Amino acid sequence: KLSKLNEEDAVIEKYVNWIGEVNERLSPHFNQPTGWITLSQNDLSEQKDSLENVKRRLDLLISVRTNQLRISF
Amino acid sequence: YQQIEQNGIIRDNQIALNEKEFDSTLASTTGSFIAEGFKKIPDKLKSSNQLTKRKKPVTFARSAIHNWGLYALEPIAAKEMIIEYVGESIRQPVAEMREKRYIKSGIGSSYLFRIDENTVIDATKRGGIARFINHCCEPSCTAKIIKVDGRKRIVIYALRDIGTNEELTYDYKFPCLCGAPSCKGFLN
Amino acid sequence: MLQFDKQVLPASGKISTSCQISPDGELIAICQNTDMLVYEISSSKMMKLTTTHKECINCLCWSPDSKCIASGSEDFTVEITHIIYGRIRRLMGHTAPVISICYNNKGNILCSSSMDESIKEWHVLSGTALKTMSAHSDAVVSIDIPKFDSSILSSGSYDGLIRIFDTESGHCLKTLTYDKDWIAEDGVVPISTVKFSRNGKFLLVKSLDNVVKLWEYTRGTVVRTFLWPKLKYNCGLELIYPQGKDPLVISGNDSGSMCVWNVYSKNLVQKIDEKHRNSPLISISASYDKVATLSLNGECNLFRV
Amino acid sequence: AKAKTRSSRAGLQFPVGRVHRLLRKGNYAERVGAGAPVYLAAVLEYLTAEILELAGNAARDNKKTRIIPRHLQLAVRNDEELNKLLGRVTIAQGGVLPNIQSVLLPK
Amino acid sequence: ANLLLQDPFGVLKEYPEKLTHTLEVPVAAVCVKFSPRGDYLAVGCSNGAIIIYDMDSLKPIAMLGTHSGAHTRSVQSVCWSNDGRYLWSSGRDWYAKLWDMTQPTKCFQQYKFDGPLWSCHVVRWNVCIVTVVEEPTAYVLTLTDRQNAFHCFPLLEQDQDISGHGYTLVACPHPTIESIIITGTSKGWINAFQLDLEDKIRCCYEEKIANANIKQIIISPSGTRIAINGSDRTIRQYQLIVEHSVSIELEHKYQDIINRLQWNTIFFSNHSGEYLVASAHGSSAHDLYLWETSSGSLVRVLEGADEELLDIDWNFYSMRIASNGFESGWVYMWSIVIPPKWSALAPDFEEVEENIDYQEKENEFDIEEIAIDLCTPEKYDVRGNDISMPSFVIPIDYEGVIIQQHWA
Ligand SMILES: C[S@@+](CC[C@H](N)C(=O)[O-])C[C@H]1O[C@@H](n2cnc3c(N)ncnc32)[C@H](O)[C@@H]1O
Ligand SMILES: [Zn+2]
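All residue numbers refer to a per-chain count from 1 along the written sequence rather than necessarily to the numbering of the entry. Residues that lack coordinates are not shown. Chains and ligands are labelled sequentially in the order written, the chains with letters from A and the ligands with numbers from 1. Reported values pertain to the displayed chains only, which are themselves part of a larger assembly. Hydrogens and water are ignored here; the side-chain numbers use all heavy atoms of the structure. Residues with missing side-chain atoms are left out of burial classes, side-chain pairs and their counts.

In terms of determination method and resolution, the entry is listed under cryo-EM at 3.7 Å.

The following block contains the structure:
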């Protein structure tokens with residue numbers, strides 16, 4: 001069961017897969033004309049996804065509260 | 001027991017890291033709060049309309065001398081009016097009764113004043129904020145009596161350059177709980 | 001009108017100070033000595049939750065959405081803990097110990113009492129010293145934010161001050177009784193607990209003389225008095241709400257005698273004296289319809305309309 | 001408020017009639033605008049109000065009712081802004097600001 | 001609201017006079033909009049953030065633009081709902097994000113626009129009229145039963161031309177009808193648009209007042225007064241007659257005779273709009289203005305700032321004026337101060353402003369069951385507001401509050 005932690009590890013892994021298998025297709029959404037104020041969406045692969053690659057600093061920090069908790073009893 | 005011992009190191013040396021909250025002089029607080037001891041003790045551990053347009057932004061707060069005192073909220077210069085004294089006007093026989101009637105019940109503060117020798121300015125129930133400043137034998141304020149259009153208001157100037165939140169003084173000229181050494185040990 | 005439902009806790013044990021239900025109506029926190037028990041009333045389970053306090057916990061507070069529990073004890077801790085996530089913030093700002101606390105009715109400002117004649121404020125995310133309320137002459141027991149809107153802060157203290165402050169800037173705005181002076185001869189009884197009502201338009205007091213009054217803060221006088229036909233305790237007050245006409249007030253005596261007063265008229269219909277007969281009572285709080293109790297001995301009796 | 005006496009249309013106590021005369025036969029520029037004596041009479045009201053506020057203010061300290069010229073120098077030199085405005089000036093029969101250099105004061 | 005029940009003797013003002021806070025926000029802003037109560041200030045920031053402020057401690061609670069839908073370019077205008085639950089945010093990243101503070105970091109539904117924007121205005125909490133740049137109709141975007149079908153409803157009849165009037169740049173809804181939308185063209189003319197909430201619209205009112213780019217149209221909250229800010233130096237407040245059937249007439253004209261500045265934003269008073277504010281455009285104009293809307297005179301000036309103030313907001317509960325000083329970027333804020341009272345030290349003091357000559361009576365020489373109710377909340381404050389609607393409290397972030405000691 002583990003019904004107090006897996007709600008986080010559904011939503012920590014939602015960053016990996018449910019955010020993953022939807023927001024991976026933004027990078028082939030540049031691919032409509034060919035392989036800048038028209039279509040300025042190129043820097044948000046690493047500026048709006050800057051927090052997405054810094055989400056690993058925090059999504060394991062949610063995933064180590066039970067590392068503090070399951071050793072606490 | 002195996003649970004609580006492994007939770008022991010969560011509160012034996014990790015209670016030595018977190019409990020660093022000593023910041024006072026470490027007073028006698030070992031008595032339990034399920035006892036509810038009263039301790040009714042005087043211990044102090046804290047650090048202790050015409051003339052309206054011309055006044056200063058001084059506030060009242062808990063005094064460094066006594067119960068309540070005024071705190072000058074700007075660097076006042078040498079001779080500027082802090083506050084006009086405001087209150088009642090009642091003469092000497094009616095204020096003779098009130099001088100004892102409040103202390104018959106026992107308030108314990110001389111909230112009168114004198115303009116001329118016949119009449120006083122009462123400040124027990126009514127008054128201004130000018131009443132709140134207390135006695136110190138070393139002066140930082142005086143109160144000259146000026147006249148404004150036939151009737152004499154009482155106006156409290158400064159003597160010296162009072163600073164920001166420097167607590168004002170006043171001489172009364174009829175113990176000294178100011179804490180000052182260079183003073184007479186009484187009021188009189 | 002009112003009856004007894006269930007009692008699950010045993011009497012004897014450690015120091016028990018506050019019993020507190022979250023305002024959702026289901027999740028109860030019982031302050032034991034450096035411990036908090038969680039009693040879910042729906043399926044009748046238990047849960048123990050211990051916090052990083054050192055000393056005997058006096059303050060305990062609940063979230064308006066039941067997501068965080070703030071406490072406070074006398075080693076200058078100002079502690080806000082989470083329901084499962086742990087210790088959140090530790091403010092450590094008063095130079096005196098702390099008796100009781102409350103919340104802003106949005107949930108951002110846990111208010112705070114210091115016994116050295118000052119009352120201060122903390123923000124959760126800022127964590128800094130917001131405001132200073134230095135207007136007091138004694139150690140301060142209870143500061144009750146009213147239930148509906150978070151505008152005014154009523155203060156209770158050991159000298160006799162029914163004093164009402166500001167939250168927006170932090171100034172004095174009302175005082176209903178006098179202080180130690182104005183008779184200066186022991187005429188003013190000290191105050192144990194000030195409480196607001198559901199609306200917040202009526203204020204409730206229990207004093208050291210064990211006399212209960214329901215203050216109208218607005219006019220300046222009182223409209224109710226509730227006698228016991230001397231206390232040495234910090235006991236609590238509550239206004240239980242039935243669905244009918246009259247919500248009864250409840251406070252606790254030196255011992256387990258607990259009358260409830262009609263407040264609309266002034267008579268005394270019910271009294272729960274069957275329990276707590278050895279046990280001297282500090283704290284009471286309620287739910288929509290589930291009211292708990294506590295004493296030095298931890299008896300949590302639930303009730304129902 | 002009124003119609004006659006333009007000062008009363010503006011709400012001043014200084015005349016805007018006289019100031020509009022003294023901007024033409026003083027020969028300051030060719031064609032003085034209509035808003036120009038209004039703005040100038042308001043400023044000369046305000047600086048006269050700023051002095052005579054502070055003049056009778058230090059008339060009260062002296063305890064006298066009327067203002068002598070000695071009160072005007074005590075209103076001007078004690079105030080920094082006014083002092084800057086009246087830097088060059090000497091107010092006739094007006095004394096000085098009471099100060100001693102504090103090296104000369106005794107031990 | 002119980003602080004104003006205890007603060008004065010009973011006199012409370014109808015505009016703030018002094019300025020007591022200043023939000024130290026170093027990245028600059030474009031728009032400042034409060035909540036429908038005084039608690040939350042939405043700040044439309046310059047780079048593309050939205051740094052929402054709790055108006056009790058001057059330090060924020062959230063940032064809309066973390067999870068999904070952050071503005072890449074600047075954010076132009078914002079409004080709030082009836083209860084303060086949602087946010088409708090118009091920006092220069094060609095995106096109108098309806099946010100919801102139940103999930104206080106993620107958008108709900110966006111729209112890739114054809115270009116930048118000017119403003120937004122909500123009628124209901126979902127439907128929102130946006131001003132697409134260089135468009136002579138207003139494609140009002142509605143969140144329908146499905147979120148995806150943003151019906152680009154063209155706010156124009158199929159025959160009617162505003163050829164010679166330019167584009168529509170302002171659209172502000174009526175307060176009291178909630179279905180007739182007043183819009184103003186880029187050249188002079190003013191239309192009305194009665195949306196049926198089907199999609200029939202009637203051009204009931206058309207006119208031209210003066211040839212200018214209408215920067216802003218506001219309506220007083222009693223639906224009586226309507227003020228127009230052109231691209232020339234005038235403010236024309238008009239009176240509104242809607243029973244539909246609409247006609248306006250000239251009430252007053254407000255100008256700066258001295259410097260001839262442009263008025264950036266204008267805003268009205270609470271009940272019937274008895275006071276009009278404005279913020280001028282040119283430098284050395286350092287102050288918001290006030291005007292008595294009947295007499296017309298410059299009655300007061302909010303002399304608190306040091307820069308030029310761009311946008312404005314007047315929430316009526318806290319009586320504050322929030323305004324971004326455009327040069328530095330900081331949000332200037334005015335507030336009605338309340339001075340303290342020593343009259344509440346004991347239950348009988350009195351603060352009389354003059355030495356009263358109390359008459360001498362004889363006494364100086366001599367030696368319940370009211371009705372009690374506990375159930376109802378309050379109904380009207382001292383200001384006389386729509387109070388007894390317990391507002392949508394924005395919940396604080398109880399998803400990651402434990403993290404907020406470590407690394408934002
Ligand atoms: C003229 S009233 C002063 C105002 C009063 N302390 C207040 O703030 O409300 C006299 C009071 O000042 C206090 N007082 C008189 N002389 C004092 C002194 N030398 N040092 C400290 N307090 C003094 C006395 O306790 C008396 O109650
Ligand atoms: Zn002394």
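On we go.
Participant: Describe the interface of chain E and chain C, and please don't skip the residues or the numbers.
Facilitator: The interface is formed by 38 residues belonging to chain E together with 54 residues belonging to chain C. Buried area is a sum: the accessible area each of two parts loses on coming together, probed at 1.4 Å, counted once for each and added. Regarding the contact of chain E and chain C, the summed buried area is about 4,200 Å², with carbon and sulfur atoms giving 57% of it. Looking only at chain E, the three residues that lose the most surface to chain C are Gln6, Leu374 and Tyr398 of chain E, adding up to 19% of its buried area. For this document, the term salt bridge refers to a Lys or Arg side-chain nitrogen within 4 Å of an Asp or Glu carboxyl oxygen. Here chain E is connected to chain C by two salt bridges. With a shortest N-O distance of 3.5 Å, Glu168 of chain C and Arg320 of chain E are connected by a salt bridge. Examining the composition of the side of chain E that touches chain C, we find that three residues originate from one element, helix α1 (residues 3-6) of chain E, more than from any other. Three categories are distinguished: nonpolar for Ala, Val, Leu, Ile, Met, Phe, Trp, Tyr, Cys and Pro, charged for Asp, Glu, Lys and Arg, and polar for the others, with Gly belonging to the last. Each residue belonging to the side of chain E that touches chain C can be placed in one class, and the counts come to 22 nonpolar, four polar and 12 charged. Working rule for contacts: check all heavy atoms of both residues, and any pair within 4.5 Å makes them a contact. Helical segments are the DSSP runs of H or I of at least four residues, strand segments are the runs of E of at least two, and each set is numbered from the N terminus.

Participant: Describe empty space enclosed by the protein, naming the residues involved and giving the relevant values.
Facilitator: Residues and elements named next belong to chain C. The way it works is a 1 Å grid over only the protein atoms, where trapped points that fit a 1.4 Å probe form a cavity and open points with protein on both sides within 12 Å along at least five of seven lines form a pocket, and then any residue with an atom within 4 Å of a point lines it. Grid points are joined across faces, edges and corners, and a volume is the space filled by probe spheres set on the points. Approximately 130 Å³ is the volume found for the largest cavity. Around the largest cavity, the lining residues are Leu2, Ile240, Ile250, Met258, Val260, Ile272, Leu281, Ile284, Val291, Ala292, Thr293 and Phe303. Each residue belonging to the lining of the largest cavity can be placed in one class, and the counts come to 11 nonpolar, one polar and no charged.

Participant: I'd like a description of the sheet that holds strand β6 (residues 143-148) of chain B, backed by residues and values.
Facilitator: All names here are of chain B. The sheet built from three strands is open, its strands ordered β3-β7-β6 with antiparallel pairing. The strands lining the two open edges of the sheet, one partner per strand, are β3 (83-85) and β6. Adjacent strand axes in the sheet meet at a mean angle of 40°, parallel and antiparallel pairs treated alike. With three bridges connecting them, β3 and strand β7 (residues 151-156) associate as antiparallel partners. Among the inter-strand pairings, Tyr85 is bridged to a residue of β7, identified as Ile154. In this scheme, strands are said to pair when DSSP sees at least two bridges between them. Comment: axis = line fitted to C-alpha atoms, over the contacting stretch for helices; angle = value between 0 and 180 degrees taken between N-to-C directions.

Participant: Can you tell me about helix α3 (residues 92-105) of chain B, naming the residues and giving the values?
Facilitator: Residues and elements named next belong to chain B. The span expected for a helix works out to 1.5 Å for each residue beyond the first. Along its 14 residues, α3 runs 20 Å from first to last C-alpha, staying within 8% of the 20 Å computed at 1.5 Å per residue. Listed as buried for α3 are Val94, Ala95, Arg98 and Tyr102. The buried residues of α3 all sit within an arc of 90° when viewed along its axis, so they share a single face. Looking at the packing, one finds that the buried side of α3 touches β4 (88-91) and β5 (119-120). Buried means the residue's accessible area, taken with a 1.4 Å probe over protein chains only, is under 20% of the maximum for its type, while exposed means over 50%, and partly exposed covers the values in between. Taken from the helix axis, the directions to the C-beta atoms give the arc we talk about.

Participant: Now, about a positive patch on the surface: what can you tell me, with residues and values included?
Facilitator: Residue and element names in this part refer to chain D. Exposure above 30% relative accessible area and no salt bridge define the residues that can form patches, which grow by joining like charges within 9 Å and nonpolar side chains of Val, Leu, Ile, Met, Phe, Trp and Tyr within 5 Å. Surface exposure here means Shrake-Rupley accessible area, sampled with a 1.4 Å probe, where a residue is shielded only by the protein chains that are shown. We treat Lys and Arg as the positive residues and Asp and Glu as the negative residues; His and chain ends play no part in the count. Charge positions are represented by NZ for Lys, CZ for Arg, CG for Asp and CD for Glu. There is a patch of like positive charges on the surface, built from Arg6, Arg9, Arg18, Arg21, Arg24 and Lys25. Contributing elements (two or more residues each) for the positive patch: α1 (6-10) and α2 (16-21). Here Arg18 is to be found in helix α2.

Participant: Can you break down the packing of aromatic side chains residue by residue, with the values?
Facilitator: All names here are of chain C. Any two of the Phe, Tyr and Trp rings considered here, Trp counted by its six-membered ring, make a pair once their centres fall within 6.5 Å; the pair's planes then place it as stacked at under 30 degrees, edge-to-face at over 60, or tilted in between. Under the defined criterion, the tally for this structure stands at 22 aromatic pairs over all chains. Here the aromatic rings of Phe196 and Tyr217 are separated by 6.3 Å at their centres, their planes lie at 80°, and the arrangement is edge-to-face. Here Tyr217 lies in the loop between β19 (212-216) and β20 (222-226) and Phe196 lies in strand β17 (residues 191-196), a separation of 21 residues in the sequence. Both residues of the pair, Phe196 and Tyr217, belong to the buried class.

Participant: Explain the side chain of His53 of chain C to me, using residue names and the numbers behind them.
Facilitator: Relative to the helices and strands, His53 of chain C is located in the loop between β5 (47-49) and β6 (59-62). For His53 of chain C, a relative accessible area of 2% puts it in the buried group. Here a polar contact means two N or O atoms within 3.5 Å. Within protein one must be a hydrogen donor candidate and the other an acceptor candidate, and residues neighboring in sequence count only if both atoms are side-chain atoms. Only 2.5 Å separates the side chain of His53 of chain C from the side chain of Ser71 of chain C, close enough to count as a polar contact. If sequence neighbours within four positions are ignored, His53 of chain C has contacts with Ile15 and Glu19 of chain B together with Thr34, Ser71, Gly72, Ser73, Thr77 and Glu79 of chain C.

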